[PDB]
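This text opens with one protein chain seen in two forms, each one given by itself as C-alpha cells under the names structure 1 and structure 2.
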Structure 1
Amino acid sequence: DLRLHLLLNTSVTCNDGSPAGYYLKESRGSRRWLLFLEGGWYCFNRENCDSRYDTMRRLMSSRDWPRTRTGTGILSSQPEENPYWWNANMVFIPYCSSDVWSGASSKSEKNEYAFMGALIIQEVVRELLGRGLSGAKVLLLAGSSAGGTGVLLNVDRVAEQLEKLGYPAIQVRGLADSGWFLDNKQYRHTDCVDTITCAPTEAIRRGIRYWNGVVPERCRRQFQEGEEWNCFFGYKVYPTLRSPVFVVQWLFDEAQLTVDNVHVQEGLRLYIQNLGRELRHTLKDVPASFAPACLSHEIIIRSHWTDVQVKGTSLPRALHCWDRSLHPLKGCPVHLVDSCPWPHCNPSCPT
C-alpha cells in the first residue's frame, strides 16, 4: 500500500479549499522515484464545476480520501505485475484541481473554487526532498489521460525547480499516457453553447482564463497571449520540451473518439482510418513512443498492462530499453508504432 500525506503547506489546496496531498511508498534500497498524476477530465465554468462537485467530489476535495491506496500496474511493487520499476519509490498524486494540472489560482472572495494543479505538483516535489528525494538519481513524472497531458505541461517546470533548489544531479523525465490529443476535424459538429457541444479547443481556451492556467515557457513564447490553448495538444507542445519524454497513446483512443462525436458505413470507416493515420503521423519524430492499434483508453496503472505488444515488444520492455538508451540497441527498441489501419488489427489489444 501507499500511505496518504496531506500537504504541510495548507495554502496549496484542492478545488474546495481542503489540503491537497500525495500517497507514498518508500523503497530505501532505491534511488529511482516515480511520481504519477491521476486523470479524470476537467471543468471550465461555475455551472459544470458545480455539477462535478456533486457527483465527482473526490476529484475536487480531500475530505473523503482514504488513508491508503494499493499500487497497481507501473505503481506495483511486485515484479510479477511490474517488470519495469518494481523496486522504485512510488508516489500517487490525486487529481483534485479539475484544471488538467495547469492552474495557479486560490479560492477567494472572487473565486468560488481554487485551481492549483501546477502548484500542487511543485509542492509535492518540495516536501518529498526531505523524505529521500534529495538523494534521487532519476525522477520519472508519469500520468494518465488528463494526467498524461499534465506531464507534458509540467515536466520541464519540475526540472527547472530542482535546478534552482540546488539538485542538478537528479535526472527528470516524463511518461505521458493517453494524453496526446488531436484538434482534428470532428465527425459531427456543434457550436460551443454548453459543456456537451463545446469543442476541446474552445473549452480549454475558456478553462485557461477560469483557472489562471499556465503552460511551458517556450511553448507560450511561440503561440503568445490568447493562444496558449495550443500548448495543451501534445504534438504542438512536445517539440518545445527539453526533458526526455516517452509517449504512450492508443491510435484509436476512446476519449479522442468521444470528443470527435463518434460512438460501420463508408463515411465513418474513412473517418476512423484517417484518425489512425494522423496519430501515426504526429508520432513519426517522437523517438520514444508506444502506440498500438486499439480502441481503448489509459494503460499504465492497469494490473494487466504487461499484456499488449507492438511488433512483439511489451510496454514494460520498451520502457526498460528507454532507460538503457539514456545511459540504438540490438533487439531492445524504443519507437513502437503500429501501421495496421483498424481497431484491434493488433491481436494483443485489451479485451
Structure 2
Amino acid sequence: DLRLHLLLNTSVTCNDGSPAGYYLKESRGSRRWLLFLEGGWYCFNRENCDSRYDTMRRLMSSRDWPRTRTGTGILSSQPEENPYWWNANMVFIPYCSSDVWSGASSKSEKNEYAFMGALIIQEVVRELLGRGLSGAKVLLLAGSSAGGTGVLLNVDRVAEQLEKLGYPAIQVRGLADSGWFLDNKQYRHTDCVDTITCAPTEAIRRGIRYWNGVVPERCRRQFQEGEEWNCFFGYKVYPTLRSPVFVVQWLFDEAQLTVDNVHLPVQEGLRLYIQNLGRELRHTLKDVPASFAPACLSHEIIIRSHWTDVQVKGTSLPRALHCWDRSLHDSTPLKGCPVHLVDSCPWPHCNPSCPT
C-alpha cells in the first residue's frame, strides 16, 4: 500500500481549499522515484465545476480521501505485475485541481475554486526531497489522461525546479499515457457546454483563464499570449521539451473519440473518419523516438493491473520502458530491445493483444 501524506504547506490546495497531497511507498536502497499524476478530465467554468463538485468530489477535495491506496500496474511493487520498476519509490499524486495540472491560482474572494495543479506538483517534489528524493538518480514523472498531458506540461518545470534547488544529478524524465490528443474536427458538431463532448480547443482556451493556467516556457514563447492552449496538445508541446519523454497513446483513444463526438455496422463516413484519426495520430508520433501506440479502442494503460498484456510488434510496454532506460544509460539502437513501437494497422483491435 501507498500511504497518504497531506501537504505540509496547506496553502497548496485542491479545488475546494482542502490540502492537496500524495500517496507514498518508499523503497530503501532504490534511487528511482516514480511520481504518477492521476487523470480525470477537467472543469472550466463555475457551472461545470459545481456539477463536478457534487458527483466527482474526490477530484476536487481531499476531505474524503482514504489513508492508503494500493499501487497497481506501474505503481505495483510486485515484479509479476510490474516487470519495469517494481522496486522503485512509488508516489501517486491525486488529481484534485481539475485543471490538467496547469493551474496556479488560489481560492479567494474572487475565485470559488483554487486551480493549483502546477503548484501541487512543485510542492510534492519539494516535500519528497526531505523523504529521500534528494538521493534519487531518476525521477520519472508519469501520468494518465489529463495526468499524461500534465506530464507534458510539467516535466521540464520539475527539471528546472530540481536544478535551481541544487540537485543537478537527478535525471528527470516523463511518461505521458493517454495524454496525447489531437485538436481535430469532430465527426459531428456538438455545442460544447458539457465537458466530455466539447471540442478540446475551446474547453482549454476557457480553462486557462479560469485556472490561471501555465504552460512550458519554450512553448509559451512560440505560441504567445492568447494562444497557450496550443501547448496542451502533445504534438505541439513535445518538440519544445528538453527532458526525455516516453509517449503511450492508443491510436483510437476513447476520450479522443468522445471529444470528437464518435459513439460506437459502421458506414463509410465514420469508417474513413476513424481510419484518418489513426493515421493522423501515427503521423504525429513518427518522430517521437520513445513511444508505444497500439491500434486499439481503449483508454489509459499504465496503472491497470494487466498493463503487461498488450504488445506492439511483439514487445510489451514494460519491456519498451526497460529498453528506454537502457537507451538513456551513459551512451544507437539496442539489439532486440526497441523503444519506438507504433502500430501501422488501420482499425481498432487489428492488434490481437488489445484489451478486451
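When a residue number appears, read it as a position in the sequence of structure 1, where counting begins at 1. Residues that one form lacks are left out of the comparison. Rigid core here is just the name for the largest C-alpha set that superposes within 1.5 Å across the two forms.
Core-based superposition between structure 1 and structure 2 leaves all of 198, 159, 93, 136 but one with CA shifts under 2 Å; the exception is 198. Look at residue 220: with the core superposed, its C-alpha moves 0.2 Å between structure 1 and structure 2. Core superposition between structure 1 and structure 2 reveals a single run of 3 or more residues with every CA shifted by 2 angstroms or more: 190-198.
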